[PDB]
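# okay, here's the opening piece of the assembly, coordinates as they are in the complex:
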Amino acid sequence: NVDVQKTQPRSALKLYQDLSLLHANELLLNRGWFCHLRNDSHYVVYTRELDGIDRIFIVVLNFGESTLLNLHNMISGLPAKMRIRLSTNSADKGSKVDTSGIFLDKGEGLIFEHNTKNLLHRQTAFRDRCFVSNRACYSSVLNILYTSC
């Protein structure tokens, strides 16, 4: 029920509340590009990007059973260790996993925040799998959005 899940830190209501808060406070989630990778029987991996903002979100969702992931073989230029922004098990918030082996339980989802300037929608090998509505770039010196890409 609602009342018992307001006082539990690992409840479904708490994960819903900070997923909708993160969606409201981040231009990458409510406005940014959507770039999906290749298909896989276990997991779904995609990114949320925006030009002028020099960090990305990497979403890893395991829909199969328990598997291990090598994220180096999907995205080029990642560090050896990545910090978790949000997890379906909220005990793993702010923890660091290693990029070469990421262990995912059944039904586990992770959101990574990665500082980079390598956006997938600028490369020609990923442009066919990238999508936007209301295309804009971000100017960090003026704090505006502009359309002259």
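That came through fine. Residues are numbered from 1 along each chain as shown, chains lettered A, B, ... in the order given.
# Confirm residue A:16 sits in a helix?
Yes: membership of residue A:16 in a helix is supported by DSSP: H, G, I helix; E, B strand; the rest coil.
# Is residue A:57 within a helix or a strand, and which one?
Per DSSP states H and E, residue A:57 falls inside strand A:55-62.
# Let me see the residues that make contact with that strand.
Outside of strand A:55-62, the residues within contact range by CB atoms under 8 Å, 6 or more residues apart in numbering are A:26, A:28-29, A:32, A:42-49, A:69, A:71, A:75, A:82, A:85, A:102, A:104-116, A:119. Backbone N, C-alpha and C define where each C-beta goes, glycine included.
# can you check stretch A:31-39 too?
By CB under 8 Å, 6+ apart, stretch A:31-39 touches A:44-50, A:53, A:57, A:74-75, A:119-121, A:126, A:129-132, A:134, A:136.
# the helices in chain A, which residues?
A:2-5, A:12-25, A:27-30 (DSSP state H).
# most packed of those?
helix A:27-30 (a mean of 15; mean count of other CB atoms under 10 Å).
# Measure how far that one is from the centre of its chain, please.
Computed by CA atoms, centre = their mean, to the nearest Å, the chain-centroid distance of helix A:27-30 equals 10 Å.
# to the structure above, add chain B:
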Amino acid sequence: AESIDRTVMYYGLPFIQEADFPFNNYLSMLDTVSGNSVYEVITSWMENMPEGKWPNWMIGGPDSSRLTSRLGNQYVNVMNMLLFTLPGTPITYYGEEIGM
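Putting chain B onto the chains we already have gives this:
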């Protein structure tokens, strides 16, 4: 209960206005979940809808079985994470945020 090429026609034309979006229930129709089956639902909507239109996503509703009974309790948290990291408008049926 419609084909994706007929659902996309409710977006209209670039010179003729129609619905802001047609409601997407294709994730609600998944009675079992998998990496390939979630991929084909996401890529069917993004490839078929017109360029520059706004997408939307639902995982349940009043005529669909509830998600923890449809897929299991282990998929409640990851289906909510999928709903809020995809582009467009997330639509939540009541009680899904609790796991009813």
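# The contacts of stretch A:31-39 again please, chain B included this time.
A:44-50, A:53, A:57, A:74-75, A:119-121, A:126, A:129-132, A:134, A:136, B:35-36, B:39-40, B:42-43, B:46, B:86-87 (CB atoms under 8 Å, 6 or more residues apart in numbering or on different chains).
# one more time with 7 Å, if that's ok
For stretch A:31-39, the surrounding residues in contact (CB atoms under 7 Å, 6 or more residues apart in numbering or on different chains) are A:45-50, A:74, A:120-121, A:126, A:129-132, A:134, B:36, B:39, B:42-43, B:87.
# in it, what counts as buried?
A:31-37 (16 or more other CB atoms under 10 Å in any protein chain shown).
# can you redo the residues you listed as TSV with distance to residue B:9?
What follows is the buried residues of stretch A:31-39, written out as TSV (distance: CB to CB, whole Å):
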residue	distance to residue B:9
A:31	26
A:32	27
A:33	26
A:34	22
A:35	27
A:36	24
A:37	29
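# Tell me if the strand holding residue A:57 is near chain B.
Yes: using CB under 7 Å from any CB of the partner chain, strand A:55-62 reaches chain B at A:59, A:61.
# ditto for stretch A:117-134
Yes: using CB under 7 Å from any CB, stretch A:117-134 reaches chain B at A:131, A:133.
# Pull out the buried residues from that stretch.
For stretch A:117-134, the neighbour count (16+ other CB under 10 Å) marks A:119-121, A:126, A:129-133 as buried.
# what's the most distant pair in the residues you listed?
Largest separation among those by CB to CB: A:126 and A:133, giving 18.2 Å.
# Include this sequence as chain C:
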Amino acid sequence: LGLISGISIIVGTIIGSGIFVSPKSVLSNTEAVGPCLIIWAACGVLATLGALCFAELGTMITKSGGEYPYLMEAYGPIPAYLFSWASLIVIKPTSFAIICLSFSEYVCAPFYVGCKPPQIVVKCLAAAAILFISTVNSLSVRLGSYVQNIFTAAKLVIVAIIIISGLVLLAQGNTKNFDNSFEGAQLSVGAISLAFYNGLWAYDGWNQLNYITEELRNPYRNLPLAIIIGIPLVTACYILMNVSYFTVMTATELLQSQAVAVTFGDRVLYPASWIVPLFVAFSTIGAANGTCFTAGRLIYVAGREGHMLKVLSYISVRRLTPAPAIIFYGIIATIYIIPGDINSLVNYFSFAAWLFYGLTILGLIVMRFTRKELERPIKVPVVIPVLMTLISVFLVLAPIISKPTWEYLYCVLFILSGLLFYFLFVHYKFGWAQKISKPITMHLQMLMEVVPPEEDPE
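So, slotting chain C in with the rest:
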């Protein structure tokens, strides 16, 4: 000037850009419709009881300036010096910054329909209005007064459209926003005090009423009668415009609104909604063009006592304009809009202005015990400057004991920084003081071609 035409200068000076900007922040502090209309009526009482106190001092003393000869007669040279310092760097450039920022809120808002315009467009269009008005008034002494008659005409057209359209819609039964007017409010002395700051900004101009309205057919009767008629006629227009806002807007829609009059003009005048950002923008740069006319009147008389730099209030030989004082006011006004933010410049202006409003009105009560034998033609009842003094103590002390923000510290540190300059350049005439000032006076004279004004006191 008669009596009826004396009302016209009082109303035309007070009604400005304040009623188009202030209704959001009066409602934001007293969060109901009921107390919001009590505040707009109580500031009309403070403005008429304050202007009656200035009308007594203006016929008692009869020296030009502002509050500067009134403070010299009552306390001496120290609070007179602090007024000419705090009006040079605080009061007059912030008035020019609020108005030019208020012009830019209304030009930008129709281009951002459901959206909030970014701060870089608001500030770099307000900075282009400060530089353009400072350039026009420094070149073309007669051009500013010819276009002022079509800015006053455009001002009271859009005032009459809002007042009349609010009475028509209130007649048809659009009274559902006034239903439970007193549910949800603040009896906080920091929230009541900040609703008085923004309410009294729209009434600003009651203290400059003394000098240009002494040219009447019978003063000492027509001047105090122009205040009891003129300012409560403005209070009747300010309550009626705020009632006209709440017939088409909820109190929640008025808080979530960029410019409050472009929201009104979108719900009432649909196929010609662009006349509200056009006339309010004409009314606003008319309010900024008017302040650059009197630039140098207080500068000249404070320089005569040695309390101000005399290189200001010099006059250009070609284009006989007070070009050093106009250029100096434009520089401080563009510095004030970079930290910026109307609701932070209004609190910064109102703390300095009401510190010196309550010192001259207390000086009226001092000059009844210390300065008899002084021939008072206008004489107020003594309870009027007493409560106007106690209200000015409330408008100064209550913001810093309830909600002390950082602009109240920079306003104190800029006023008391003038108190150090009094003891180094006026009280102790040091030898190295005029070794600096006359080199600057001589070189700025040849750079701008400005001479001493061929003009004695009168």
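# Check the contacts of strand A:55-62 one more time with chain C there.
With CB under 7 Å, 6+ apart as the test, strand A:55-62 has contacts from A:28-29, A:42-49, A:69, A:75, A:102, A:104, A:106-116, B:78, B:81-82, B:85.
# next one: stretch C:39-56 to chain centre, how far?
14 Å.
# for stretch C:316-324, same thing?
With CA atoms, centre = their mean, you get 25 Å for stretch C:316-324.
# That stretch: which residues count as buried?
For stretch C:316-324, by 16+ other CB under 10 Å, it's C:316, C:321-324.
# what's near enough to touch residue C:387?
Applying CB under 7 Å, 6+ apart, no residues qualify as near residue C:387.
# For stretch C:220-233, C-alpha coordinates in CSV please.
Extracted in CSV, the C-alpha atoms of stretch C:220-233 (Å, rounded to 0.1, in the frame of the first residue of the first chain):
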residue,chain,number,x,y,z
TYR,C,220,-1.3,77.2,-0.3
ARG,C,221,-4.9,76.1,-1.2
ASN,C,222,-4.6,74.5,-4.7
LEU,C,223,-1.5,72.5,-3.8
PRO,C,224,-2.9,70.6,-0.8
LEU,C,225,-6.2,70.2,-2.7
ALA,C,226,-4.4,68.7,-5.7
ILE,C,227,-3.0,66.0,-3.4
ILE,C,228,-6.3,65.0,-1.8
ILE,C,229,-7.8,64.7,-5.3
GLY,C,230,-4.9,63.7,-7.4
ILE,C,231,-3.4,60.7,-5.6
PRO,C,232,-6.7,59.1,-4.4
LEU,C,233,-7.7,59.3,-8.0
